[PDB]
$ cat start.cif   # mmCIF, N, CA and C atoms
data_structure
loop_
_atom_site.label_atom_id
_atom_site.label_comp_id
_atom_site.auth_asym_id
_atom_site.auth_seq_id
_atom_site.Cartn_x
_atom_site.Cartn_y
_atom_site.Cartn_z
N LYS A 19 -44.01 -94.32 -82.50
CA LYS A 19 -42.56 -94.32 -82.79
C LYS A 19 -41.76 -94.85 -81.60
N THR A 20 -40.74 -94.10 -81.16
CA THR A 20 -39.82 -94.63 -80.15
C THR A 20 -39.49 -93.46 -79.20
N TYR A 21 -38.94 -93.85 -78.07
CA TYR A 21 -38.36 -92.90 -77.13
C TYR A 21 -36.99 -93.38 -76.68
N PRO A 22 -36.12 -92.44 -76.30
CA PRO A 22 -34.77 -92.83 -75.88
C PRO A 22 -34.65 -93.41 -74.47
N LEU A 23 -33.63 -94.26 -74.28
CA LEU A 23 -33.33 -94.84 -72.98
C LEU A 23 -31.81 -95.09 -72.94
N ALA A 24 -31.12 -94.74 -71.85
CA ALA A 24 -29.68 -95.03 -71.77
C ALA A 24 -29.52 -96.55 -71.91
N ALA A 25 -28.54 -97.01 -72.70
CA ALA A 25 -28.41 -98.47 -72.84
C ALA A 25 -28.10 -99.14 -71.49
N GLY A 26 -27.39 -98.43 -70.60
CA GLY A 26 -27.10 -98.96 -69.27
C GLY A 26 -28.36 -99.17 -68.40
N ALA A 27 -29.47 -98.58 -68.80
CA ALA A 27 -30.75 -98.69 -68.08
C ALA A 27 -31.66 -99.79 -68.60
N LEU A 28 -31.33 -100.39 -69.76
CA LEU A 28 -32.11 -101.50 -70.30
C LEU A 28 -32.09 -102.67 -69.33
N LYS A 29 -33.22 -103.37 -69.20
CA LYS A 29 -33.29 -104.57 -68.36
C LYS A 29 -33.83 -105.74 -69.19
N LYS A 30 -33.47 -106.97 -68.77
CA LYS A 30 -34.07 -108.14 -69.38
C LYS A 30 -35.59 -108.06 -69.23
N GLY A 31 -36.25 -108.38 -70.34
CA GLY A 31 -37.70 -108.30 -70.44
C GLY A 31 -38.19 -106.97 -71.01
N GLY A 32 -37.33 -105.96 -71.07
CA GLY A 32 -37.73 -104.63 -71.56
C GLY A 32 -37.80 -104.61 -73.07
N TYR A 33 -38.59 -103.68 -73.62
CA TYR A 33 -38.59 -103.48 -75.07
C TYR A 33 -37.38 -102.66 -75.54
N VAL A 34 -36.96 -102.90 -76.78
CA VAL A 34 -35.89 -102.14 -77.38
C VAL A 34 -36.00 -102.30 -78.90
N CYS A 35 -35.51 -101.31 -79.66
CA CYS A 35 -35.45 -101.49 -81.12
C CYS A 35 -34.03 -101.87 -81.47
N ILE A 36 -33.93 -102.85 -82.37
CA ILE A 36 -32.64 -103.17 -82.99
C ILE A 36 -32.92 -103.19 -84.48
N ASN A 37 -32.12 -102.45 -85.26
CA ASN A 37 -32.30 -102.39 -86.70
C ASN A 37 -33.74 -102.03 -87.10
N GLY A 38 -34.36 -101.19 -86.28
CA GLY A 38 -35.69 -100.69 -86.62
C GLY A 38 -36.79 -101.67 -86.23
N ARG A 39 -36.43 -102.79 -85.63
CA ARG A 39 -37.43 -103.80 -85.26
C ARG A 39 -37.75 -103.75 -83.78
N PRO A 40 -39.01 -103.92 -83.41
CA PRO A 40 -39.35 -103.87 -81.99
C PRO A 40 -39.16 -105.23 -81.35
N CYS A 41 -38.36 -105.24 -80.29
CA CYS A 41 -37.93 -106.50 -79.66
C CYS A 41 -38.09 -106.48 -78.16
N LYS A 42 -38.07 -107.66 -77.57
CA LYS A 42 -38.01 -107.77 -76.10
C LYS A 42 -36.65 -108.37 -75.73
N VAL A 43 -35.94 -107.71 -74.82
CA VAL A 43 -34.60 -108.17 -74.38
C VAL A 43 -34.71 -109.53 -73.68
N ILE A 44 -33.93 -110.50 -74.18
CA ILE A 44 -33.86 -111.81 -73.56
C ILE A 44 -32.52 -112.11 -72.88
N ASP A 45 -31.46 -111.37 -73.23
CA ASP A 45 -30.20 -111.49 -72.48
C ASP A 45 -29.51 -110.16 -72.48
N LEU A 46 -28.85 -109.86 -71.37
CA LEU A 46 -28.01 -108.68 -71.28
C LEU A 46 -26.69 -109.02 -70.63
N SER A 47 -25.64 -108.31 -71.05
CA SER A 47 -24.33 -108.51 -70.41
C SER A 47 -23.68 -107.14 -70.41
N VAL A 48 -22.84 -106.85 -69.42
CA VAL A 48 -22.12 -105.58 -69.41
C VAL A 48 -20.61 -105.91 -69.24
N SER A 49 -19.76 -105.17 -69.93
CA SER A 49 -18.31 -105.32 -69.77
C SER A 49 -17.93 -104.73 -68.40
N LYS A 50 -16.75 -105.07 -67.88
CA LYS A 50 -16.26 -104.37 -66.69
C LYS A 50 -16.20 -102.86 -67.00
N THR A 51 -16.52 -102.04 -66.00
CA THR A 51 -16.60 -100.58 -66.18
C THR A 51 -15.23 -99.93 -66.27
N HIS A 56 -16.86 -95.86 -68.33
CA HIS A 56 -18.15 -96.54 -68.50
C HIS A 56 -17.99 -98.00 -68.98
N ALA A 57 -19.06 -98.54 -69.56
CA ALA A 57 -19.15 -99.96 -69.83
C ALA A 57 -19.81 -100.16 -71.20
N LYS A 58 -19.69 -101.36 -71.76
CA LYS A 58 -20.35 -101.71 -73.00
C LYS A 58 -21.46 -102.67 -72.65
N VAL A 59 -22.64 -102.40 -73.20
CA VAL A 59 -23.83 -103.22 -72.97
C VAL A 59 -24.06 -104.09 -74.21
N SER A 60 -24.17 -105.41 -74.01
CA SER A 60 -24.45 -106.36 -75.10
C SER A 60 -25.84 -106.93 -74.90
N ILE A 61 -26.66 -106.88 -75.95
CA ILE A 61 -28.09 -107.18 -75.86
C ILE A 61 -28.40 -108.35 -76.81
N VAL A 62 -29.27 -109.29 -76.40
CA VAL A 62 -29.87 -110.26 -77.32
C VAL A 62 -31.36 -110.06 -77.10
N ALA A 63 -32.12 -109.96 -78.20
CA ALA A 63 -33.55 -109.63 -78.07
C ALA A 63 -34.31 -110.35 -79.15
N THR A 64 -35.58 -110.56 -78.88
CA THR A 64 -36.47 -111.30 -79.80
C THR A 64 -37.51 -110.34 -80.36
N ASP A 65 -37.55 -110.30 -81.70
CA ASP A 65 -38.53 -109.50 -82.43
C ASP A 65 -39.93 -109.94 -82.05
N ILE A 66 -40.73 -108.99 -81.57
CA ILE A 66 -42.05 -109.35 -81.03
C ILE A 66 -43.03 -109.82 -82.09
N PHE A 67 -42.71 -109.54 -83.36
CA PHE A 67 -43.60 -109.93 -84.46
C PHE A 67 -43.12 -111.09 -85.29
N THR A 68 -41.80 -111.18 -85.50
CA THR A 68 -41.29 -112.28 -86.34
C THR A 68 -40.67 -113.42 -85.52
N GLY A 69 -40.35 -113.13 -84.27
CA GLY A 69 -39.71 -114.12 -83.41
C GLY A 69 -38.23 -114.27 -83.68
N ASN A 70 -37.69 -113.45 -84.59
CA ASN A 70 -36.25 -113.53 -84.89
C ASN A 70 -35.39 -113.04 -83.76
N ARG A 71 -34.19 -113.62 -83.67
CA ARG A 71 -33.21 -113.23 -82.65
C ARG A 71 -32.30 -112.16 -83.22
N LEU A 72 -32.23 -111.03 -82.52
CA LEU A 72 -31.39 -109.92 -82.95
C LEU A 72 -30.42 -109.56 -81.83
N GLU A 73 -29.25 -109.05 -82.19
CA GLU A 73 -28.26 -108.71 -81.19
C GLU A 73 -27.80 -107.29 -81.47
N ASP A 74 -27.37 -106.60 -80.41
CA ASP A 74 -26.76 -105.26 -80.58
C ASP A 74 -25.86 -104.98 -79.38
N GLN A 75 -24.94 -104.04 -79.53
CA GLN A 75 -24.10 -103.64 -78.38
C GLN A 75 -23.93 -102.16 -78.46
N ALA A 76 -23.78 -101.51 -77.31
CA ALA A 76 -23.66 -100.04 -77.29
C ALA A 76 -22.96 -99.63 -76.01
N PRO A 77 -22.34 -98.47 -76.00
CA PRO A 77 -21.88 -97.88 -74.72
C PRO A 77 -23.03 -97.67 -73.78
N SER A 78 -22.76 -97.83 -72.49
CA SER A 78 -23.86 -97.66 -71.53
C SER A 78 -24.50 -96.29 -71.59
N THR A 79 -23.78 -95.27 -72.10
CA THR A 79 -24.30 -93.91 -72.20
C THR A 79 -24.99 -93.62 -73.52
N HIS A 80 -24.93 -94.58 -74.47
CA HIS A 80 -25.62 -94.37 -75.74
C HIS A 80 -27.11 -94.53 -75.50
N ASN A 81 -27.94 -93.69 -76.15
CA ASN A 81 -29.36 -93.90 -76.03
C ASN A 81 -29.89 -94.86 -77.10
N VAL A 82 -30.42 -95.98 -76.64
CA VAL A 82 -31.12 -96.92 -77.54
C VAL A 82 -32.52 -96.34 -77.77
N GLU A 83 -33.21 -96.79 -78.83
CA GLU A 83 -34.62 -96.41 -79.01
C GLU A 83 -35.49 -97.52 -78.49
N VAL A 84 -36.54 -97.14 -77.75
CA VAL A 84 -37.51 -98.09 -77.20
C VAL A 84 -38.80 -97.83 -77.94
N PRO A 85 -39.45 -98.86 -78.47
CA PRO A 85 -40.71 -98.61 -79.18
C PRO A 85 -41.82 -98.31 -78.20
N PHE A 86 -42.70 -97.40 -78.60
CA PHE A 86 -44.02 -97.30 -78.00
C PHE A 86 -44.77 -98.58 -78.38
N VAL A 87 -45.37 -99.25 -77.40
CA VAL A 87 -46.09 -100.47 -77.67
C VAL A 87 -47.54 -100.27 -77.21
N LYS A 88 -48.48 -100.53 -78.10
CA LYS A 88 -49.89 -100.42 -77.72
C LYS A 88 -50.55 -101.78 -77.82
N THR A 89 -51.55 -102.03 -76.98
CA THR A 89 -52.24 -103.33 -77.01
C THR A 89 -53.74 -103.07 -77.01
N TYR A 90 -54.45 -103.89 -77.75
CA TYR A 90 -55.91 -103.83 -77.74
C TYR A 90 -56.49 -105.21 -77.85
N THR A 91 -57.61 -105.44 -77.18
CA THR A 91 -58.19 -106.78 -77.19
C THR A 91 -59.53 -106.72 -77.91
N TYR A 92 -59.70 -107.64 -78.85
CA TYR A 92 -60.90 -107.73 -79.68
C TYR A 92 -61.52 -109.10 -79.50
N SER A 93 -62.82 -109.23 -79.78
CA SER A 93 -63.39 -110.60 -79.88
C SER A 93 -63.52 -110.99 -81.34
N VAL A 94 -63.50 -112.29 -81.59
CA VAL A 94 -63.55 -112.76 -82.97
C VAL A 94 -65.00 -113.02 -83.41
N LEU A 95 -65.43 -112.28 -84.44
CA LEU A 95 -66.77 -112.43 -85.03
C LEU A 95 -66.85 -113.48 -86.14
N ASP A 96 -65.72 -113.70 -86.81
CA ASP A 96 -65.69 -114.62 -87.94
C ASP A 96 -64.26 -114.83 -88.36
N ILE A 97 -64.02 -115.97 -89.01
CA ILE A 97 -62.75 -116.30 -89.64
C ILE A 97 -63.10 -116.73 -91.05
N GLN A 98 -62.48 -116.09 -92.05
CA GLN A 98 -62.78 -116.44 -93.44
C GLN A 98 -61.51 -116.69 -94.23
N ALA A 99 -61.43 -117.83 -94.91
CA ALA A 99 -60.22 -118.16 -95.65
C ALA A 99 -59.96 -117.11 -96.73
N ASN A 100 -58.69 -116.86 -97.01
CA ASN A 100 -58.31 -116.05 -98.14
C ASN A 100 -58.74 -116.70 -99.47
N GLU A 101 -59.15 -115.88 -100.45
CA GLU A 101 -59.41 -116.33 -101.84
C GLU A 101 -58.25 -117.16 -102.39
N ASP A 102 -57.07 -116.90 -101.83
CA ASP A 102 -55.89 -117.72 -102.01
C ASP A 102 -55.70 -118.54 -100.73
N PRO A 103 -56.14 -119.80 -100.76
CA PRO A 103 -56.09 -120.69 -99.59
C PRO A 103 -54.70 -120.85 -98.96
N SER A 104 -53.64 -120.50 -99.68
CA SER A 104 -52.28 -120.63 -99.14
C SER A 104 -51.84 -119.47 -98.24
N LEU A 105 -52.67 -118.43 -98.16
CA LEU A 105 -52.35 -117.25 -97.37
C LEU A 105 -53.20 -117.27 -96.08
N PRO A 106 -52.80 -116.50 -95.05
CA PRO A 106 -53.54 -116.44 -93.76
C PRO A 106 -55.00 -116.05 -93.91
N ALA A 107 -55.85 -116.65 -93.08
CA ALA A 107 -57.28 -116.36 -93.10
C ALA A 107 -57.51 -114.94 -92.63
N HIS A 108 -58.63 -114.36 -93.05
CA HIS A 108 -59.00 -113.02 -92.59
C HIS A 108 -59.80 -113.10 -91.28
N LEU A 109 -59.62 -112.12 -90.42
CA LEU A 109 -60.38 -112.07 -89.18
C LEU A 109 -61.39 -110.93 -89.23
N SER A 110 -62.57 -111.14 -88.64
CA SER A 110 -63.51 -110.03 -88.42
C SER A 110 -63.52 -109.87 -86.90
N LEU A 111 -63.24 -108.64 -86.41
CA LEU A 111 -62.94 -108.46 -84.97
C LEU A 111 -63.78 -107.36 -84.39
N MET A 112 -64.30 -107.56 -83.19
CA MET A 112 -65.15 -106.56 -82.54
C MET A 112 -64.43 -105.85 -81.41
N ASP A 113 -64.44 -104.52 -81.41
CA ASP A 113 -63.84 -103.80 -80.32
C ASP A 113 -64.81 -103.58 -79.15
N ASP A 114 -64.36 -102.86 -78.11
CA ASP A 114 -65.22 -102.78 -76.94
C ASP A 114 -66.27 -101.67 -77.00
N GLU A 115 -66.32 -100.98 -78.13
CA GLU A 115 -67.35 -99.98 -78.38
C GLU A 115 -68.31 -100.39 -79.49
N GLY A 116 -68.33 -101.68 -79.84
CA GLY A 116 -69.30 -102.09 -80.83
C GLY A 116 -68.90 -101.83 -82.28
N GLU A 117 -67.63 -101.49 -82.53
CA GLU A 117 -67.18 -101.28 -83.92
C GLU A 117 -66.33 -102.45 -84.34
N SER A 118 -66.53 -102.95 -85.56
CA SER A 118 -65.68 -104.07 -85.97
C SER A 118 -64.64 -103.63 -86.97
N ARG A 119 -63.60 -104.45 -87.07
CA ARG A 119 -62.60 -104.22 -88.10
C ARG A 119 -62.32 -105.51 -88.87
N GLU A 120 -62.12 -105.37 -90.19
CA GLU A 120 -61.96 -106.57 -91.02
C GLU A 120 -60.63 -106.59 -91.72
N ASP A 121 -59.73 -105.69 -91.33
CA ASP A 121 -58.46 -105.54 -92.04
C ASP A 121 -57.32 -106.42 -91.50
N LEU A 122 -57.51 -107.07 -90.35
CA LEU A 122 -56.45 -107.90 -89.79
C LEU A 122 -56.64 -109.37 -90.14
N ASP A 123 -55.52 -110.09 -90.24
CA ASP A 123 -55.58 -111.51 -90.61
C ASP A 123 -55.09 -112.31 -89.43
N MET A 124 -55.25 -113.63 -89.53
CA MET A 124 -54.60 -114.55 -88.61
C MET A 124 -53.10 -114.20 -88.57
N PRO A 125 -52.48 -114.38 -87.40
CA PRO A 125 -51.05 -114.07 -87.26
C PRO A 125 -50.16 -115.08 -87.99
N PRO A 126 -48.94 -114.67 -88.34
CA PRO A 126 -47.94 -115.56 -88.94
C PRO A 126 -47.25 -116.50 -87.91
N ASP A 127 -48.04 -117.12 -87.06
CA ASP A 127 -47.57 -117.99 -85.99
C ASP A 127 -48.55 -119.14 -86.05
N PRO A 128 -48.14 -120.22 -86.70
CA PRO A 128 -49.05 -121.33 -87.00
C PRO A 128 -49.78 -121.88 -85.78
N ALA A 129 -49.07 -122.07 -84.66
CA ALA A 129 -49.71 -122.64 -83.47
C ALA A 129 -50.75 -121.67 -82.91
N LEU A 130 -50.44 -120.38 -82.93
CA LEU A 130 -51.37 -119.38 -82.42
C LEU A 130 -52.62 -119.30 -83.34
N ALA A 131 -52.40 -119.29 -84.66
CA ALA A 131 -53.52 -119.28 -85.62
C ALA A 131 -54.39 -120.50 -85.44
N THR A 132 -53.76 -121.67 -85.24
CA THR A 132 -54.52 -122.90 -85.00
C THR A 132 -55.35 -122.82 -83.72
N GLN A 133 -54.74 -122.29 -82.65
CA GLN A 133 -55.45 -122.16 -81.38
C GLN A 133 -56.67 -121.27 -81.54
N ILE A 134 -56.51 -120.14 -82.22
CA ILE A 134 -57.64 -119.19 -82.38
C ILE A 134 -58.76 -119.91 -83.15
N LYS A 135 -58.40 -120.60 -84.24
CA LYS A 135 -59.43 -121.26 -85.05
C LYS A 135 -60.11 -122.42 -84.30
N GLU A 136 -59.32 -123.21 -83.58
CA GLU A 136 -59.92 -124.33 -82.84
C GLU A 136 -60.90 -123.83 -81.77
N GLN A 137 -60.48 -122.80 -81.02
CA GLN A 137 -61.36 -122.26 -79.99
C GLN A 137 -62.63 -121.64 -80.58
N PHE A 138 -62.48 -120.89 -81.67
CA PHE A 138 -63.65 -120.35 -82.37
C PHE A 138 -64.59 -121.44 -82.86
N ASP A 139 -64.05 -122.51 -83.44
CA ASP A 139 -64.92 -123.59 -83.89
C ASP A 139 -65.60 -124.35 -82.75
N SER A 140 -65.01 -124.34 -81.56
CA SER A 140 -65.62 -125.00 -80.40
C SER A 140 -66.77 -124.17 -79.78
N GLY A 141 -67.00 -122.96 -80.30
CA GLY A 141 -68.10 -122.12 -79.81
C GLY A 141 -67.73 -121.32 -78.56
N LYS A 142 -66.46 -120.95 -78.47
CA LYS A 142 -65.99 -120.07 -77.41
C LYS A 142 -66.09 -118.62 -77.91
N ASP A 143 -66.24 -117.68 -76.98
CA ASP A 143 -66.02 -116.26 -77.29
C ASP A 143 -64.51 -116.02 -77.26
N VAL A 144 -63.93 -115.99 -78.44
CA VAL A 144 -62.47 -115.92 -78.56
C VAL A 144 -62.00 -114.50 -78.60
N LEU A 145 -61.06 -114.18 -77.70
CA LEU A 145 -60.47 -112.86 -77.69
C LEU A 145 -59.08 -112.93 -78.28
N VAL A 146 -58.71 -111.88 -78.99
CA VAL A 146 -57.35 -111.77 -79.53
C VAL A 146 -56.73 -110.48 -79.07
N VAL A 147 -55.46 -110.57 -78.66
CA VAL A 147 -54.77 -109.40 -78.17
C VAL A 147 -53.88 -108.97 -79.33
N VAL A 148 -54.16 -107.77 -79.83
CA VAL A 148 -53.46 -107.18 -80.97
C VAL A 148 -52.44 -106.17 -80.43
N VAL A 149 -51.18 -106.36 -80.81
CA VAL A 149 -50.13 -105.46 -80.33
C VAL A 149 -49.60 -104.66 -81.54
N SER A 150 -49.37 -103.37 -81.33
CA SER A 150 -48.93 -102.43 -82.36
C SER A 150 -47.62 -101.81 -81.92
N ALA A 151 -46.63 -101.81 -82.81
CA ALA A 151 -45.37 -101.12 -82.57
C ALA A 151 -44.66 -100.91 -83.90
N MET A 152 -43.98 -99.78 -84.07
CA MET A 152 -43.15 -99.52 -85.24
C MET A 152 -43.92 -99.76 -86.57
N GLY A 153 -45.21 -99.45 -86.56
CA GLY A 153 -46.01 -99.47 -87.77
C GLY A 153 -46.62 -100.83 -88.08
N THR A 154 -46.30 -101.84 -87.27
CA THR A 154 -46.90 -103.17 -87.45
C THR A 154 -47.97 -103.44 -86.41
N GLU A 155 -49.04 -104.16 -86.78
CA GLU A 155 -50.09 -104.56 -85.85
C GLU A 155 -50.30 -106.05 -86.07
N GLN A 156 -50.32 -106.84 -85.01
CA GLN A 156 -50.41 -108.29 -85.18
C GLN A 156 -51.04 -108.88 -83.93
N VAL A 157 -51.84 -109.94 -84.11
CA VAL A 157 -52.34 -110.72 -82.99
C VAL A 157 -51.17 -111.48 -82.37
N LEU A 158 -50.93 -111.23 -81.08
CA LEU A 158 -49.85 -111.91 -80.35
C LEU A 158 -50.29 -112.92 -79.29
N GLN A 159 -51.57 -112.83 -78.87
CA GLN A 159 -52.10 -113.74 -77.86
C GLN A 159 -53.58 -113.98 -78.13
N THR A 160 -54.06 -115.11 -77.63
CA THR A 160 -55.48 -115.39 -77.54
C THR A 160 -55.87 -115.96 -76.18
N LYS A 161 -57.13 -115.77 -75.83
CA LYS A 161 -57.71 -116.30 -74.60
C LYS A 161 -59.22 -116.25 -74.80
N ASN A 162 -59.94 -117.03 -74.00
CA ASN A 162 -61.39 -117.01 -74.11
C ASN A 162 -62.03 -116.08 -73.10
N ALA A 163 -63.16 -115.47 -73.48
CA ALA A 163 -63.87 -114.58 -72.56
C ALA A 163 -64.71 -115.37 -71.58
N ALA A 164 -64.86 -114.81 -70.39
CA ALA A 164 -65.91 -115.26 -69.46
C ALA A 164 -67.00 -114.18 -69.35
N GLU A 165 -68.20 -114.58 -68.93
CA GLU A 165 -69.20 -113.60 -68.48
C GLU A 165 -68.66 -112.82 -67.27
#
$ encode --input "start.cif" --output "structure tokens"
Amino acid sequence: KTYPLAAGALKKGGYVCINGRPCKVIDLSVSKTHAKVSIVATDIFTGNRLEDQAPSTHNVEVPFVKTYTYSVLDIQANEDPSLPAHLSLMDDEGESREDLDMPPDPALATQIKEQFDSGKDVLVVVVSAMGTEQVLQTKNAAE
């Protein structure tokens, strides 16, 4: 879920929820002084730009954000070729999961597939917040 933070304590780069969505602050401004804090933030999952403003003493909600890194065991197209491919992913204890798909970020999905087809050990960083889980980054493993 979320935890409270005084809006006057928010910093650029910090997480914040706006309209129930988990975002990273990309711009902040404060009125002359208390003060009003104006926020512009990017949804970490959809990439949408969201804005909000609050008194510096109002508590904004900050999402709990969790990250986990998996390796890619397989990529399989959806029975409906127009939808994202399915991923088979291995965790660091030898358990796999098959419930996650390629992310809704075409360039990132392409990168994961190209690296996998080149015979790399492809890692995906899965981030979870506000009930959503999505691959947000990829990189290749080394020995």
$ resolve_selection --input "start.cif" --expression "the PyMOL selection byres (((chain A and resi 150 and name CA) around 6) and name CA)" --output "short mmCIF file (atom, residue, chain, number, x, y, z; two decimals) with N, CA and C atoms, in the frame of the given file"
data_model
loop_
_atom_site.label_atom_id
_atom_site.label_comp_id
_atom_site.auth_asym_id
_atom_site.auth_seq_id
_atom_site.Cartn_x
_atom_site.Cartn_y
_atom_site.Cartn_z
N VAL A 87 -45.37 -99.25 -77.40
CA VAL A 87 -46.09 -100.47 -77.67
C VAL A 87 -47.54 -100.27 -77.21
N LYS A 88 -48.48 -100.53 -78.10
CA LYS A 88 -49.89 -100.42 -77.72
C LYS A 88 -50.55 -101.78 -77.82
N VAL A 149 -51.18 -106.36 -80.81
CA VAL A 149 -50.13 -105.46 -80.33
C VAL A 149 -49.60 -104.66 -81.54
N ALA A 151 -46.63 -101.81 -82.81
CA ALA A 151 -45.37 -101.12 -82.57
C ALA A 151 -44.66 -100.91 -83.90
N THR A 154 -46.30 -101.84 -87.27
CA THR A 154 -46.90 -103.17 -87.45
C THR A 154 -47.97 -103.44 -86.41
N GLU A 155 -49.04 -104.16 -86.78
CA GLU A 155 -50.09 -104.56 -85.85
C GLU A 155 -50.30 -106.05 -86.07
#
$ resolve_selection --input "start.cif" --expression "the PyMOL selection byres (((chain A and resi 92 and name CA) around 8) and name CA)" --output "list in words"
residues 90, 91, 93, 94, 111, 112, 113, 114, 145, 146, 147 and 148 of chain A
$ select_by_dssp --input "start.cif" --residues "chain A" --states "strand (DSSP E)" --output "PyMOL selection string"
chain A and resi 20-24+33-36+39-48+58-65+71-77+81-85+88-98+108-112+118-119+144-151+154-162
$ closest_residue --input "start.cif" --among "A:141, A:153, A:22, A:106" --to "residue A:81" --atoms "only C-alpha atoms"
A:22
$ atom_distance --input "start.cif" --atom1 "atom N of residue A:116" --atom2 "atom C of residue A:138"
20.3 Å
$ atom_distance --input "start.cif" --atom1 "atom CA of residue A:29" --atom2 "atom CA of residue A:128"
29.6 Å
$ select_by_dssp --input "start.cif" --residues "chain A" --states "helix (DSSP H, G or I)" --output "PyMOL selection string"
chain A and resi 25-27+128-139
$ write_last_selection --input "start.cif" --atoms "N, CA and C atoms" --output "PDB file, in the frame of the given file"
ATOM      1  N   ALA A  25     -28.540 -97.010 -72.700  1.00  0.00           N
ATOM      2  CA  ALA A  25     -28.410 -98.470 -72.840  1.00  0.00           C
ATOM      3  C   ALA A  25     -28.100 -99.140 -71.490  1.00  0.00           C
ATOM      4  N   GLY A  26     -27.390 -98.430 -70.600  1.00  0.00           N
ATOM      5  CA  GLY A  26     -27.100 -98.960 -69.270  1.00  0.00           C
ATOM      6  C   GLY A  26     -28.360 -99.170 -68.400  1.00  0.00           C
ATOM      7  N   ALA A  27     -29.470 -98.580 -68.800  1.00  0.00           N
ATOM      8  CA  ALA A  27     -30.750 -98.690 -68.080  1.00  0.00           C
ATOM      9  C   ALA A  27     -31.660 -99.790 -68.600  1.00  0.00           C
ATOM     10  N   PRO A 128     -48.140-120.220 -86.700  1.00  0.00           N
ATOM     11  CA  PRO A 128     -49.050-121.330 -87.000  1.00  0.00           C
ATOM     12  C   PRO A 128     -49.780-121.880 -85.780  1.00  0.00           C
ATOM     13  N   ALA A 129     -49.070-122.070 -84.660  1.00  0.00           N
ATOM     14  CA  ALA A 129     -49.710-122.640 -83.470  1.00  0.00           C
ATOM     15  C   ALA A 129     -50.750-121.670 -82.910  1.00  0.00           C
ATOM     16  N   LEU A 130     -50.440-120.380 -82.930  1.00  0.00           N
ATOM     17  CA  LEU A 130     -51.370-119.380 -82.420  1.00  0.00           C
ATOM     18  C   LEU A 130     -52.620-119.300 -83.340  1.00  0.00           C
ATOM     19  N   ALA A 131     -52.400-119.290 -84.660  1.00  0.00           N
ATOM     20  CA  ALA A 131     -53.520-119.280 -85.620  1.00  0.00           C
ATOM     21  C   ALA A 131     -54.390-120.500 -85.440  1.00  0.00           C
ATOM     22  N   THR A 132     -53.760-121.670 -85.240  1.00  0.00           N
ATOM     23  CA  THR A 132     -54.520-122.900 -85.000  1.00  0.00           C
ATOM     24  C   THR A 132     -55.350-122.820 -83.720  1.00  0.00           C
ATOM     25  N   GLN A 133     -54.740-122.290 -82.650  1.00  0.00           N
ATOM     26  CA  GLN A 133     -55.450-122.160 -81.380  1.00  0.00           C
ATOM     27  C   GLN A 133     -56.670-121.270 -81.540  1.00  0.00           C
ATOM     28  N   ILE A 134     -56.510-120.140 -82.220  1.00  0.00           N
ATOM     29  CA  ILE A 134     -57.640-119.190 -82.380  1.00  0.00           C
ATOM     30  C   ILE A 134     -58.760-119.910 -83.150  1.00  0.00           C
ATOM     31  N   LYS A 135     -58.400-120.600 -84.240  1.00  0.00           N
ATOM     32  CA  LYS A 135     -59.430-121.260 -85.050  1.00  0.00           C
ATOM     33  C   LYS A 135     -60.110-122.420 -84.300  1.00  0.00           C
ATOM     34  N   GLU A 136     -59.320-123.210 -83.580  1.00  0.00           N
ATOM     35  CA  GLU A 136     -59.920-124.330 -82.840  1.00  0.00           C
ATOM     36  C   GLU A 136     -60.900-123.830 -81.770  1.00  0.00           C
ATOM     37  N   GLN A 137     -60.480-122.800 -81.020  1.00  0.00           N
ATOM     38  CA  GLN A 137     -61.360-122.260 -79.990  1.00  0.00           C
ATOM     39  C   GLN A 137     -62.630-121.640 -80.580  1.00  0.00           C
ATOM     40  N   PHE A 138     -62.480-120.890 -81.670  1.00  0.00           N
ATOM     41  CA  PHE A 138     -63.650-120.350 -82.370  1.00  0.00           C
ATOM     42  C   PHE A 138     -64.590-121.440 -82.860  1.00  0.00           C
ATOM     43  N   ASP A 139     -64.050-122.510 -83.440  1.00  0.00           N
ATOM     44  CA  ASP A 139     -64.920-123.590 -83.890  1.00  0.00           C
ATOM     45  C   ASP A 139     -65.600-124.350 -82.750  1.00  0.00           C
TER      46      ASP A 139
END
$ resolve_selection --input "start.cif" --expression "the PyMOL selection byres ((chain A and resi 33) around 5)" --output "ChimeraX atom specification"
/A:31-32,34-35,41-43,84
$ atom_distance --input "start.cif" --atom1 "atom C of residue A:122" --atom2 "atom CA of residue A:110"
7.1 Å
$ axis_aligned_box --input "start.cif" --around "stretch 56-73 of chain A" --padding-each-side "3 Å" --output "AutoDock Vina command-line options"
--center_x -30.2 --center_y -105.1 --center_z -77.3 --size_x 32.7 --size_y 24.4 --size_z 24.0
$ closest_residue --input "start.cif" --among "A:25, A:105, A:97, A:61" --to "residue A:77" --atoms "only C-alpha atoms"
A:25
$ closest_residue --input "start.cif" --among "A:66, A:100, A:123, A:163" --to "residue A:39" --atoms "only N, CA and C atoms"
A:66
$ closest_residue --input "start.cif" --among "A:132, A:37, A:78, A:160" --to "residue A:59" --atoms "only C-alpha atoms"
A:78
$ residues_around --input "start.cif" --residues "residue A:20" --least-positions-apart "5" --cutoff "8 Å" --atoms "only C-alpha atoms" --output "VMD selection string"
chain A and resid 83 to 86 152
$ closest_residue --input "start.cif" --among "A:136, A:79, A:40, A:119" --to "residue A:63" --atoms "all atoms listed in the file"
A:40
$ closest_residue --input "start.cif" --among "A:124, A:46, A:28, A:36" --to "residue A:72" --atoms "only C-alpha atoms"
A:36
